[PDB]
Amino acid sequence: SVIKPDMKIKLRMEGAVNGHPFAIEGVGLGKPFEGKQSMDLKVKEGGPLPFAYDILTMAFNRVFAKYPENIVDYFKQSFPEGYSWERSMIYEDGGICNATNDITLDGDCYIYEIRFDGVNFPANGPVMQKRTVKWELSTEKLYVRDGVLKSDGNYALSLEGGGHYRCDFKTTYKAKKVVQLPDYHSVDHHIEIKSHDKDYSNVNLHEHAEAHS
């Protein structure tokens, strides 16, 4: 009763990569029951970003995922109160990122408060040399542990001049109130930077996601 087929998004991220701080604001919209969303992002501080934008895009809400009726939807169920997530991302060359998102709802607009922190990206690596092209299709595996929803993913970025750069994702999801918990299941994800200006100050970003089992 606090969800519509068309919902709005606004967000702010504050973060640092290798000790250098930045900040990004976004506005978007999406279709929760279609598992589709899009947003425009602006770098407000720390620009132009000296690292690959791609490490940020998955930080920029599982509410935007199409759930079939026979799988519990932990995310749509958690509103109006909302929910939060915590996440670690371990890249194969030792770069490690953490992030958190606190998601609230005002009227028809989800609101994000995001923190992102990466360390140990080698100067000669694909992230600091901006050699990433795109994330391949992702499959997120969701399970319950000690009363809370968690997920795992083995994600991969395509690189310039071929090959892939791997990252292991671990996320914890927590509803603000008590919510019916799902059984084990998968979510397929497609995420894409559809357009950006030269230095990525402006980015138009899309995702589509569907649950299955």
# chains A, B, ... in the order shown; residues from 1 in each chain; ligands from 1

$ closest_atom_pairs --of "range 60-164 of chain A" --to "range 31-53 of chain A" --cutoff "8 Å" --atoms "only C-alpha atoms" --output "tab-separated table"
residue	atom	partner	partner_atom	distance
A:63	CA	A:32	CA	5.8
A:64	CA	A:32	CA	4.3
A:65	CA	A:35	CA	3.7
A:66	CA	A:35	CA	4.3
A:67	CA	A:33	CA	7.4
A:126	CA	A:52	CA	7.8
A:127	CA	A:52	CA	4.9
A:128	CA	A:51	CA	4.5
A:129	CA	A:51	CA	6.8
A:130	CA	A:52	CA	4.7
A:131	CA	A:52	CA	7.3
A:132	CA	A:52	CA	6.6

$ residues_around --residues "residue 94 in chain A" --least-positions-apart "4" --cutoff "9 Å" --atoms "only C-alpha atoms" --output "PyMOL selection string"
chain A and resi 90+119-122

$ write_last_selection --atoms "N, CA, C and O atoms" --output "short mmCIF file (atom, residue, chain, number, x, y, z; two decimals), in the first residue's frame"
data_model
loop_
_atom_site.label_atom_id
_atom_site.label_comp_id
_atom_site.auth_asym_id
_atom_site.auth_seq_id
_atom_site.Cartn_x
_atom_site.Cartn_y
_atom_site.Cartn_z
N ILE A 90 35.55 -8.16 -2.66
CA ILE A 90 36.96 -8.53 -2.70
C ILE A 90 37.41 -8.83 -4.14
O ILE A 90 37.05 -9.87 -4.72
N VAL A 119 40.12 0.21 -0.54
CA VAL A 119 41.54 0.36 -0.20
C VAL A 119 42.36 -0.66 -0.98
O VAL A 119 41.81 -1.63 -1.50
N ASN A 120 43.67 -0.44 -1.03
CA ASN A 120 44.61 -1.37 -1.66
C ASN A 120 44.41 -1.64 -3.17
O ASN A 120 44.72 -2.72 -3.65
N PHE A 121 43.91 -0.66 -3.90
CA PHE A 121 43.91 -0.81 -5.35
C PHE A 121 45.28 -0.42 -5.87
O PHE A 121 45.70 0.72 -5.70
N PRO A 122 45.98 -1.37 -6.49
CA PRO A 122 47.33 -1.09 -7.00
C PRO A 122 47.29 -0.09 -8.14
O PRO A 122 46.42 -0.18 -9.01
#

$ closest_residue --among "A:59, A:123, A:29, A:71" --to "residue 95 in chain A" --atoms "only C-alpha atoms"
A:123

$ residues_around --residues "residue 57 in chain A" --least-positions-apart "2" --cutoff "12 Å" --atoms "only C-alpha atoms" --output "VMD selection string"
chain A and resid 13 24 26 38 to 41 52 to 55 59 to 61 99 114 116 134 to 135 157 190 to 194 203 to 207

$ write_last_selection --atoms "N, CA and C atoms" --output "tab-separated table (two decimals), in the first residue's frame"
chain	number	residue	atom	x	y	z
A	13	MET	N	25.92	9.40	-1.99
A	13	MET	CA	27.01	8.53	-1.57
A	13	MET	C	28.20	9.37	-1.07
A	24	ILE	N	28.78	11.66	-4.41
A	24	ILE	CA	27.94	11.58	-5.60
A	24	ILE	C	26.46	11.66	-5.21
A	26	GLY	N	22.42	11.25	-6.75
A	26	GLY	CA	21.69	10.68	-7.85
A	26	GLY	C	20.21	10.89	-7.75
A	38	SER	N	16.38	3.14	-13.55
A	38	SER	CA	17.42	3.96	-14.17
A	38	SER	C	17.63	5.23	-13.35
A	39	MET	N	18.83	5.78	-13.42
A	39	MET	CA	19.14	6.98	-12.64
A	39	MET	C	20.24	7.80	-13.30
A	40	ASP	N	20.28	9.08	-12.97
A	40	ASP	CA	21.37	9.97	-13.37
A	40	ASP	C	22.19	10.36	-12.16
A	41	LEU	N	23.51	10.21	-12.28
A	41	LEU	CA	24.40	10.42	-11.15
A	41	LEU	C	25.35	11.59	-11.42
A	52	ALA	N	38.03	3.56	-11.67
A	52	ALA	CA	36.95	3.03	-12.50
A	52	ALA	C	35.56	3.18	-11.87
A	53	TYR	N	34.67	3.87	-12.58
A	53	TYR	CA	33.31	4.12	-12.11
A	53	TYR	C	32.58	2.82	-11.80
A	54	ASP	N	32.95	1.79	-12.54
A	54	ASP	CA	32.33	0.48	-12.44
A	54	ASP	C	32.33	-0.12	-11.03
A	55	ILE	N	33.28	0.25	-10.18
A	55	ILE	CA	33.30	-0.34	-8.83
A	55	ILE	C	32.17	0.23	-7.98
A	59	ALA	N	26.58	-0.36	-5.88
A	59	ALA	CA	26.16	0.37	-4.68
A	59	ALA	C	24.94	1.27	-4.97
A	60	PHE	N	24.92	1.88	-6.16
A	60	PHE	CA	23.78	2.70	-6.56
A	60	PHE	C	22.58	1.82	-6.86
A	61	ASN	N	19.37	-1.65	-4.71
A	61	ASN	CA	18.13	-1.75	-3.97
A	61	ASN	C	17.30	-2.89	-4.54
A	99	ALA	N	30.73	-1.25	1.68
A	99	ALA	CA	29.71	-0.25	1.50
A	99	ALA	C	28.51	-0.56	2.37
A	114	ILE	N	24.35	6.32	1.37
A	114	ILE	CA	25.35	5.31	1.02
A	114	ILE	C	26.76	5.70	1.46
A	116	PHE	N	30.80	4.24	0.93
A	116	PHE	CA	31.59	3.35	0.10
A	116	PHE	C	33.05	3.55	0.41
A	134	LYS	N	32.70	-3.37	-18.69
A	134	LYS	CA	31.37	-3.57	-18.13
A	134	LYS	C	31.30	-4.82	-17.25
A	135	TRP	N	30.34	-4.85	-16.33
A	135	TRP	CA	30.04	-6.07	-15.60
A	135	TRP	C	29.26	-7.04	-16.49
A	157	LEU	N	34.15	-8.26	-14.24
A	157	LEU	CA	34.24	-7.12	-15.13
A	157	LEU	C	35.03	-7.50	-16.37
A	190	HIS	N	21.31	-7.57	-14.63
A	190	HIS	CA	21.98	-6.86	-15.71
A	190	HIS	C	22.12	-5.37	-15.36
A	191	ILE	N	23.35	-4.88	-15.31
A	191	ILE	CA	23.58	-3.48	-15.00
A	191	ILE	C	24.46	-2.87	-16.09
A	192	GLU	N	24.16	-1.63	-16.46
A	192	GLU	CA	24.80	-0.98	-17.59
A	192	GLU	C	24.89	0.54	-17.44
A	193	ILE	N	26.10	1.07	-17.62
A	193	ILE	CA	26.25	2.50	-17.82
A	193	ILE	C	25.82	2.82	-19.27
A	194	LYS	N	24.66	3.46	-19.42
A	194	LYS	CA	24.11	3.67	-20.76
A	194	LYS	C	24.73	4.88	-21.43
A	203	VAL	N	26.59	10.39	-15.15
A	203	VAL	CA	26.41	9.00	-15.56
A	203	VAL	C	24.94	8.66	-15.55
A	204	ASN	N	24.50	8.02	-16.63
A	204	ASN	CA	23.15	7.48	-16.69
A	204	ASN	C	23.25	5.97	-16.57
A	205	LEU	N	22.57	5.42	-15.56
A	205	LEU	CA	22.80	4.05	-15.15
A	205	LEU	C	21.49	3.27	-15.09
A	206	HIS	N	21.52	2.03	-15.58
A	206	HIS	CA	20.34	1.16	-15.66
A	206	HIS	C	20.61	-0.21	-15.05
A	207	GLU	N	19.58	-0.79	-14.44
A	207	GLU	CA	19.63	-2.18	-14.02
A	207	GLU	C	18.31	-2.88	-14.30

$ closest_residue --among "A:10, A:177, A:208, A:164" --to "residue 92 in chain A" --atoms "only C-alpha atoms"
A:164

$ atom_distance --atom1 "CA of residue 182 in chain A" --atom2 "CA of residue 108 in chain A"
25.4 Å

$ select_by_dssp --residues "range 60-102 of chain A" --states "helix (DSSP H, G or I)" --output "ChimeraX atom specification"
/A:74-77

$ write_last_selection --atoms "N, CA and C atoms" --output "short mmCIF file (atom, residue, chain, number, x, y, z; two decimals), in the first residue's frame"
data_model
loop_
_atom_site.label_atom_id
_atom_site.label_comp_id
_atom_site.auth_asym_id
_atom_site.auth_seq_id
_atom_site.Cartn_x
_atom_site.Cartn_y
_atom_site.Cartn_z
N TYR A 74 11.49 -10.39 0.43
CA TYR A 74 11.91 -9.79 1.69
C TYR A 74 11.93 -8.27 1.57
N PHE A 75 12.21 -7.78 0.37
CA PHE A 75 12.42 -6.36 0.13
C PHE A 75 11.15 -5.52 0.01
N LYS A 76 10.21 -5.93 -0.84
CA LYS A 76 8.96 -5.18 -0.93
C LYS A 76 8.19 -5.24 0.39
N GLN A 77 8.39 -6.33 1.14
CA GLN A 77 7.71 -6.51 2.42
C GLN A 77 8.23 -5.57 3.51
#

$ residues_around --residues "residue 11 in chain A" --least-positions-apart "2" --cutoff "7 Å" --atoms "only C-alpha atoms" --output "PyMOL selection string"
chain A and resi 9+13+25-27+111-113

$ write_last_selection --atoms "N, CA and C atoms" --output "compact mmCIF listing (two decimals), in the first residue's frame"
# COMPACT_ATOMS: atom_id res chain seq x y z
N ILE A 9 13.58 7.59 -7.09
CA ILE A 9 14.76 7.36 -6.27
C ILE A 9 15.56 8.63 -6.10
N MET A 13 25.92 9.40 -1.99
CA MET A 13 27.01 8.53 -1.57
C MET A 13 28.20 9.37 -1.07
N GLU A 25 25.68 12.40 -5.98
CA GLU A 25 24.25 12.43 -5.76
C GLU A 25 23.56 11.89 -6.97
N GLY A 26 22.42 11.25 -6.75
CA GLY A 26 21.69 10.68 -7.85
C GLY A 26 20.21 10.89 -7.75
N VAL A 27 19.56 10.87 -8.91
CA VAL A 27 18.11 10.87 -8.97
C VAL A 27 17.73 9.88 -10.05
N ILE A 111 14.86 6.66 -0.67
CA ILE A 111 15.96 7.54 -0.38
C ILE A 111 17.14 6.72 0.11
N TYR A 112 18.30 6.90 -0.53
CA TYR A 112 19.50 6.17 -0.12
C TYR A 112 20.50 7.06 0.61
N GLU A 113 21.13 6.49 1.62
CA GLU A 113 22.26 7.11 2.27
C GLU A 113 23.33 6.05 2.19

$ residues_around --residues "residue 78 in chain A" --least-positions-apart "4" --cutoff "8 Å" --atoms "only C-alpha atoms" --output "list in words"
residues 74, 82, 83, 175, 176, 177, 178 and 179 of chain A

$ closest_residue --among "A:96, A:144, A:167, A:72" --to "residue 16 in chain A" --atoms "only C-alpha atoms"
A:96

$ closest_residue --among "A:136, A:188, A:86, A:146" --to "residue 117 in chain A" --atoms "only C-alpha atoms"
A:86

$ atom_distance --atom1 "CA of residue 89 in chain A" --atom2 "CA of residue 15 in chain A"
14.4 Å

$ atom_distance --atom1 "CA of residue 84 in chain A" --atom2 "CA of residue 150 in chain A"
11.7 Å

$ residues_around --residues "residue 183 in chain A" --least-positions-apart "2" --cutoff "7 Å" --atoms "only C-alpha atoms" --output "ChimeraX atom specification"
/A:143,181,185

$ write_last_selection --atoms "N, CA and C atoms" --output "PDB file, in the first residue's frame"
ATOM      1  N   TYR A 143      20.522 -16.599   0.738  1.00  0.00           N
ATOM      2  CA  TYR A 143      20.169 -17.576   1.769  1.00  0.00           C
ATOM      3  C   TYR A 143      20.013 -16.923   3.152  1.00  0.00           C
ATOM      4  N   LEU A 181      10.785 -14.501   6.038  1.00  0.00           N
ATOM      5  CA  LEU A 181      12.066 -14.764   5.401  1.00  0.00           C
ATOM      6  C   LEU A 181      11.918 -15.736   4.237  1.00  0.00           C
ATOM      7  N   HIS A 185      17.316 -18.722  -2.842  1.00  0.00           N
ATOM      8  CA  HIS A 185      16.984 -18.401  -4.223  1.00  0.00           C
ATOM      9  C   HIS A 185      18.014 -17.544  -4.934  1.00  0.00           C
TER      10      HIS A 185
END

$ closest_residue --among "A:201, A:213, A:195, A:88" --to "residue 153 in chain A" --atoms "only C-alpha atoms"
A:88

$ select_by_dssp --residues "chain A" --states "strand (DSSP E)" --output "PyMOL selection string"
chain A and resi 7-17+20-31+36-45+83-91+96-106+109-119+132-135+138-145+148-159+164-175+185-196+202-212
